[PDB]
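Chemist: Starting off with a structure, shown below.
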Amino acid sequence: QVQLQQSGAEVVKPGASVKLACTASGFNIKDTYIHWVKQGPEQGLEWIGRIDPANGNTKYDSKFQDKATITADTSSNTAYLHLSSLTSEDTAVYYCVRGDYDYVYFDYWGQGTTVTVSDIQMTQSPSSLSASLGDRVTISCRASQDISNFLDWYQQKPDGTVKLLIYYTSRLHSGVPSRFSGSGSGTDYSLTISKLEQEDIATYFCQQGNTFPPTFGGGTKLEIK
(Lines give C-alpha, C1' and ligand atoms only; values in the text may rest on other atoms or scores of the structure.)
Protein backbone atom coordinates (compact mmCIF):
# COMPACT_ATOMS: atom_id res chain seq x y z
CA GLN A 1 0.00 0.00 0.00
CA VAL A 2 0.92 3.67 -0.40
CA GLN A 3 3.67 4.91 1.92
CA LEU A 4 5.75 8.09 2.16
CA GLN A 5 8.51 7.32 4.68
CA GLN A 6 10.24 10.56 5.69
CA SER A 7 13.76 10.91 7.07
CA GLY A 8 14.50 11.60 10.73
CA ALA A 9 14.57 14.98 12.45
CA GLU A 10 17.39 17.43 11.80
CA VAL A 11 19.01 19.60 14.47
CA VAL A 12 21.29 22.17 12.87
CA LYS A 13 22.97 25.52 13.44
CA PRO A 14 21.96 28.80 11.79
CA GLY A 15 23.54 29.19 8.38
CA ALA A 16 23.79 25.44 7.78
CA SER A 17 21.80 23.59 5.13
CA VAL A 18 19.86 20.32 5.24
CA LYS A 19 18.45 17.86 2.72
CA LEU A 20 15.30 16.03 3.82
CA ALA A 21 14.31 12.77 2.16
CA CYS A 22 11.14 10.76 1.66
CA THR A 23 11.15 7.21 0.33
CA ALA A 24 7.91 6.09 -1.26
CA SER A 25 6.73 2.52 -1.41
CA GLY A 26 3.72 0.73 -2.83
CA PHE A 27 3.82 3.03 -5.89
CA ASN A 28 6.26 4.83 -8.18
CA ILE A 29 6.78 8.56 -7.66
CA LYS A 30 7.28 8.76 -11.43
CA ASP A 31 3.48 8.30 -11.63
CA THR A 32 2.48 11.31 -9.51
CA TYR A 33 3.48 14.77 -8.33
CA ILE A 34 5.43 15.05 -5.07
CA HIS A 35 4.92 18.19 -2.99
CA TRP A 36 6.45 19.59 0.16
CA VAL A 37 4.45 21.45 2.81
CA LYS A 38 5.87 23.43 5.74
CA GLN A 39 4.08 23.55 9.09
CA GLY A 40 5.60 26.23 11.28
CA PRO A 41 4.31 28.05 14.36
CA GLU A 42 4.47 31.40 12.56
CA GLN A 43 2.59 30.82 9.30
CA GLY A 44 0.79 27.46 9.61
CA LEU A 45 0.60 25.12 6.60
CA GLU A 46 2.43 26.54 3.58
CA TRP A 47 2.94 24.74 0.29
CA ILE A 48 6.63 25.02 -0.62
CA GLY A 49 6.65 23.55 -4.11
CA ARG A 50 6.56 20.31 -6.00
CA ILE A 51 8.29 18.14 -8.57
CA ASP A 52 7.02 15.94 -11.38
CA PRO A 53 9.56 13.11 -10.91
CA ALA A 54 8.99 11.85 -14.47
CA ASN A 55 10.73 14.92 -15.92
CA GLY A 56 12.11 16.76 -12.89
CA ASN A 57 9.94 19.83 -13.56
CA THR A 58 9.48 21.86 -10.39
CA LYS A 59 7.24 24.71 -9.30
CA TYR A 60 7.55 26.80 -6.15
CA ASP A 61 5.77 29.42 -4.12
CA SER A 62 7.89 32.51 -4.79
CA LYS A 63 8.24 33.00 -1.02
CA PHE A 64 10.48 29.90 -0.95
CA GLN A 65 12.27 30.20 -4.30
CA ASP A 66 15.60 31.19 -2.69
CA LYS A 67 15.16 28.84 0.30
CA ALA A 68 13.98 25.53 -1.16
CA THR A 69 15.18 23.14 -3.87
CA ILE A 70 13.14 20.00 -4.57
CA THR A 71 14.64 17.01 -6.41
CA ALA A 72 13.68 13.41 -6.97
CA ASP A 73 15.28 10.11 -7.93
CA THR A 74 12.96 7.66 -9.67
CA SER A 75 15.30 4.67 -9.28
CA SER A 76 15.32 4.87 -5.47
CA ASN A 77 11.73 6.23 -5.43
CA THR A 78 12.91 9.05 -3.17
CA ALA A 79 12.18 12.78 -3.18
CA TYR A 80 14.23 15.49 -1.51
CA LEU A 81 13.84 18.97 -0.05
CA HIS A 82 17.07 20.99 0.20
CA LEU A 83 16.88 24.01 2.50
CA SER A 84 19.66 26.59 2.34
CA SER A 85 21.26 28.98 4.87
CA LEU A 86 18.88 28.07 7.68
CA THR A 87 17.50 30.46 10.29
CA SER A 88 15.15 30.27 13.26
CA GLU A 89 12.36 30.99 10.76
CA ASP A 90 13.00 27.59 9.12
CA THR A 91 12.27 25.65 12.32
CA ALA A 92 9.17 23.68 11.34
CA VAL A 93 7.79 20.28 10.40
CA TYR A 94 8.19 19.49 6.71
CA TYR A 95 5.63 17.17 5.10
CA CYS A 96 6.21 15.24 1.90
CA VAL A 97 2.91 14.64 0.12
CA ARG A 98 1.62 13.20 -3.13
CA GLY A 99 -1.09 14.33 -5.49
CA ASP A 100 -1.64 12.80 -8.90
CA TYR A 101 -3.49 15.92 -10.14
CA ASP A 102 -0.72 18.29 -8.96
CA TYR A 103 -2.18 20.46 -6.15
CA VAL A 104 -5.89 19.87 -6.80
CA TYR A 105 -5.67 17.70 -3.64
CA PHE A 106 -3.02 15.97 -1.54
CA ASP A 107 -4.23 12.41 -1.14
CA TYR A 108 -1.38 10.97 0.95
CA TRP A 109 1.03 12.54 3.46
CA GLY A 110 4.23 11.45 5.13
CA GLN A 111 4.53 11.79 8.90
CA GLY A 112 6.58 15.01 8.74
CA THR A 113 10.27 15.71 9.40
CA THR A 114 11.08 18.14 12.20
CA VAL A 115 13.84 20.65 11.50
CA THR A 116 15.17 22.58 14.51
CA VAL A 117 17.56 25.46 13.85
CA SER A 118 19.45 26.19 17.08
CA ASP A 119 -2.61 34.74 -3.94
CA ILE A 120 -5.80 33.37 -2.38
CA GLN A 121 -6.15 33.87 1.36
CA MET A 122 -8.02 31.09 3.18
CA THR A 123 -9.53 31.84 6.58
CA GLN A 124 -11.22 29.29 8.85
CA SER A 125 -13.74 29.75 11.62
CA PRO A 126 -13.87 28.90 14.42
CA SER A 127 -10.16 28.60 15.21
CA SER A 128 -10.93 26.13 18.00
CA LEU A 129 -13.94 24.50 19.58
CA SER A 130 -14.80 21.91 22.23
CA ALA A 131 -17.72 19.54 21.71
CA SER A 132 -19.20 16.35 23.15
CA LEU A 133 -19.55 12.80 21.86
CA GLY A 134 -22.48 12.58 19.46
CA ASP A 135 -22.54 16.37 18.90
CA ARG A 136 -22.74 18.04 15.50
CA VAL A 137 -20.15 20.68 14.62
CA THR A 138 -19.75 22.91 11.59
CA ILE A 139 -16.44 24.49 10.60
CA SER A 140 -16.36 27.12 7.89
CA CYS A 141 -13.81 28.73 5.67
CA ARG A 142 -13.74 31.74 3.40
CA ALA A 143 -11.54 32.20 0.34
CA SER A 144 -10.50 35.72 -0.65
CA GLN A 145 -11.81 35.05 -4.15
CA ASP A 146 -14.05 32.55 -5.90
CA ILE A 147 -12.42 29.08 -6.02
CA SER A 148 -15.20 27.27 -7.97
CA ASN A 149 -15.63 24.42 -5.44
CA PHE A 150 -11.94 23.41 -5.61
CA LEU A 151 -11.81 23.15 -1.82
CA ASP A 152 -10.34 20.27 0.23
CA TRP A 153 -10.38 19.39 3.94
CA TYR A 154 -7.53 17.70 5.83
CA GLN A 155 -7.53 16.12 9.29
CA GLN A 156 -4.30 16.28 11.30
CA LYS A 157 -4.26 13.99 14.29
CA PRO A 158 -2.39 14.83 17.50
CA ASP A 159 0.36 12.34 16.55
CA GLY A 160 1.12 14.36 13.39
CA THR A 161 -0.70 12.12 10.91
CA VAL A 162 -2.43 14.15 8.18
CA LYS A 163 -5.17 12.67 5.97
CA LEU A 164 -7.34 13.94 3.17
CA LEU A 165 -10.95 14.02 4.35
CA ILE A 166 -12.92 15.71 1.57
CA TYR A 167 -12.00 17.13 -1.82
CA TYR A 168 -13.85 19.24 -4.40
CA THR A 169 -16.07 20.67 -1.62
CA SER A 170 -18.09 17.53 -0.93
CA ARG A 171 -16.38 14.35 -2.20
CA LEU A 172 -15.32 11.93 0.54
CA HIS A 173 -11.87 10.39 0.31
CA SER A 174 -11.79 6.61 0.47
CA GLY A 175 -12.41 5.29 3.97
CA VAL A 176 -13.90 8.51 5.34
CA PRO A 177 -17.12 7.82 7.28
CA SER A 178 -20.51 9.20 6.37
CA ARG A 179 -20.50 11.55 9.37
CA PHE A 180 -18.22 13.96 7.47
CA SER A 181 -19.84 16.12 4.81
CA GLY A 182 -18.82 19.28 2.98
CA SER A 183 -20.82 22.10 1.44
CA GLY A 184 -20.48 25.57 -0.09
CA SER A 185 -19.67 27.40 -3.30
CA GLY A 186 -18.03 30.62 -4.44
CA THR A 187 -15.94 31.92 -1.52
CA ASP A 188 -17.73 30.23 1.43
CA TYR A 189 -17.41 26.55 2.35
CA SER A 190 -18.15 24.39 5.35
CA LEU A 191 -17.31 21.00 6.85
CA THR A 192 -19.88 19.29 9.07
CA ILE A 193 -19.31 16.36 11.43
CA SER A 194 -22.78 15.08 12.25
CA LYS A 195 -22.17 12.68 15.20
CA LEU A 196 -18.80 13.31 16.81
CA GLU A 197 -16.70 10.33 17.90
CA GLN A 198 -13.71 10.34 20.24
CA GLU A 199 -11.37 9.65 17.29
CA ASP A 200 -12.33 12.98 15.69
CA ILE A 201 -10.05 14.99 18.00
CA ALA A 202 -7.84 16.70 15.42
CA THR A 203 -6.98 19.96 13.70
CA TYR A 204 -8.96 20.47 10.48
CA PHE A 205 -7.44 22.45 7.60
CA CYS A 206 -8.98 23.66 4.36
CA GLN A 207 -7.08 24.12 1.12
CA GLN A 208 -7.91 25.71 -2.23
CA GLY A 209 -6.53 23.75 -5.17
CA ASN A 210 -7.78 26.06 -7.95
CA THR A 211 -5.26 28.85 -8.16
CA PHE A 212 -1.49 28.82 -8.19
CA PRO A 213 -0.11 28.57 -5.59
CA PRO A 214 -2.30 26.27 -3.48
CA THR A 215 -2.93 27.84 -0.07
CA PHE A 216 -4.24 26.51 3.26
CA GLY A 217 -6.45 27.92 5.99
CA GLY A 218 -5.10 28.42 9.49
CA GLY A 219 -6.67 25.34 11.04
CA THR A 220 -9.52 24.60 13.44
CA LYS A 221 -8.56 22.63 16.54
CA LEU A 222 -11.38 20.34 17.68
CA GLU A 223 -11.37 19.02 21.24
CA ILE A 224 -13.81 16.69 23.04
CA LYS A 225 -14.80 17.26 26.67
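Each chain of the C-alpha coordinates is named A, B, ... in the order shown, its residues numbered from 1; ligands are numbered from 1 in display order.
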Near residue A:115, counting only C-alpha atoms, which residues have an atom at most 7 Å away, once you skip same-chain residues fewer than 3 positions from it, shown as a PyMOL selection string?
Modeler: chain A and resi 9-11+91-93
Chemist: I'd like the contact shell of residue A:199 - 10 Å cut-off, only C-alpha atoms, skipping same-chain residues fewer than 3 positions apart - returned as a PDB file with N, CA and C atoms, in the first residue's frame.
Modeler:
```pdb
ATOM      1  N   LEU A 133     -19.227  13.994  22.635  1.00  0.00           N
ATOM      2  CA  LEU A 133     -19.549  12.803  21.858  1.00  0.00           C
ATOM      3  C   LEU A 133     -20.988  12.848  21.355  1.00  0.00           C
ATOM      4  N   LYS A 157      -4.076  14.565  12.975  1.00  0.00           N
ATOM      5  CA  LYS A 157      -4.261  13.986  14.290  1.00  0.00           C
ATOM      6  C   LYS A 157      -3.189  14.498  15.240  1.00  0.00           C
ATOM      7  N   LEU A 196     -20.212  13.312  16.464  1.00  0.00           N
ATOM      8  CA  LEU A 196     -18.798  13.306  16.807  1.00  0.00           C
ATOM      9  C   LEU A 196     -18.413  12.049  17.581  1.00  0.00           C
ATOM     10  N   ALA A 202      -8.790  16.434  16.501  1.00  0.00           N
ATOM     11  CA  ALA A 202      -7.840  16.703  15.424  1.00  0.00           C
ATOM     12  C   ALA A 202      -7.868  18.195  15.144  1.00  0.00           C
ATOM     13  N   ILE A 224     -12.629  17.346  22.477  1.00  0.00           N
ATOM     14  CA  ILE A 224     -13.812  16.691  23.039  1.00  0.00           C
ATOM     15  C   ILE A 224     -13.716  16.714  24.557  1.00  0.00           C
TER      16      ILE A 224
END
```
Chemist: List as a count of residues only the protein and nucleic acid residues near residue A:55, meaning an atom at most 10 Å away when only C-alpha atoms are counted, but skip any in the same chain fewer than 2 places from it.
Modeler: 8
Chemist: Just checking: using only C-alpha atoms, which residue out of A:23, A:156, A:17, A:185 ends up closest to residue A:2?
Modeler: A:23
Chemist: If you count only C-alpha atoms, which residues fall within 8 Å of residue A:112, apart from same-chain ones fewer than 5 positions away, as a list in words?
Modeler: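 The neighbour list is residues 6, 93, 94, 95, 96 and 160 of chain A.
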Chemist: What's the 7 Å shell around residue A:97, counting only C-alpha atoms, without same-chain residues fewer than 3 positions away, as number ranges by chain?
Modeler: A: 34-36, 106, 108-110
Chemist: Which polymer residues have any atom within 9 Å of an atom of residue A:151, counting only C-alpha atoms, with same-chain residues fewer than 5 positions away left out, as an mmCIF file with N, CA and C atoms, in the first residue's frame?
Modeler:
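Result written to selection.cif:
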```
data_model
loop_
_atom_site.group_PDB
_atom_site.id
_atom_site.type_symbol
_atom_site.label_atom_id
_atom_site.label_comp_id
_atom_site.auth_asym_id
_atom_site.auth_seq_id
_atom_site.Cartn_x
_atom_site.Cartn_y
_atom_site.Cartn_z
ATOM 1 N N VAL A 104 -4.440 19.918 -6.962
ATOM 2 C CA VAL A 104 -5.893 19.866 -6.802
ATOM 3 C C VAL A 104 -6.256 19.293 -5.438
ATOM 4 N N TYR A 105 -5.505 18.283 -4.974
ATOM 5 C CA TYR A 105 -5.673 17.698 -3.644
ATOM 6 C C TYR A 105 -4.410 16.921 -3.308
ATOM 7 N N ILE A 166 -11.963 15.372 2.617
ATOM 8 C CA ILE A 166 -12.917 15.708 1.574
ATOM 9 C C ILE A 166 -12.181 16.526 0.525
ATOM 10 N N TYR A 167 -12.547 16.333 -0.739
ATOM 11 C CA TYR A 167 -11.999 17.135 -1.824
ATOM 12 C C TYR A 167 -13.128 17.578 -2.751
ATOM 13 N N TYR A 168 -12.854 18.630 -3.525
ATOM 14 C CA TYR A 168 -13.852 19.236 -4.401
ATOM 15 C C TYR A 168 -15.148 19.508 -3.637
ATOM 16 N N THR A 169 -14.994 20.155 -2.475
ATOM 17 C CA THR A 169 -16.069 20.669 -1.620
ATOM 18 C C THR A 169 -16.782 19.571 -0.840
ATOM 19 N N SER A 170 -17.122 18.464 -1.505
ATOM 20 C CA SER A 170 -18.087 17.534 -0.932
ATOM 21 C C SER A 170 -17.796 16.065 -1.207
ATOM 22 N N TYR A 189 -17.301 28.004 2.302
ATOM 23 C CA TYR A 189 -17.406 26.550 2.354
ATOM 24 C C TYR A 189 -17.497 26.093 3.800
ATOM 25 N N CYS A 206 -8.495 23.570 5.726
ATOM 26 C CA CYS A 206 -8.984 23.665 4.358
ATOM 27 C C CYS A 206 -7.845 24.052 3.417
ATOM 28 N N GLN A 207 -8.054 23.768 2.140
ATOM 29 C CA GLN A 207 -7.077 24.125 1.115
ATOM 30 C C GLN A 207 -7.809 24.434 -0.181
ATOM 31 N N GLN A 208 -7.422 25.511 -0.873
ATOM 32 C CA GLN A 208 -7.913 25.712 -2.227
ATOM 33 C C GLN A 208 -6.890 25.124 -3.197
ATOM 34 N N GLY A 209 -7.389 24.460 -4.239
ATOM 35 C CA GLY A 209 -6.532 23.751 -5.169
ATOM 36 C C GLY A 209 -6.733 24.208 -6.596
ATOM 37 N N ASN A 210 -7.295 25.418 -6.729
ATOM 38 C CA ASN A 210 -7.782 26.055 -7.945
ATOM 39 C C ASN A 210 -6.767 26.994 -8.579
#
```
Chemist: Among stretch 48-208 of chain A, which ones does DSSP place in helix (DSSP H, G or I), written as an NGL selection string?
Modeler: :A and (62-64 or 88-90 or 198-200)
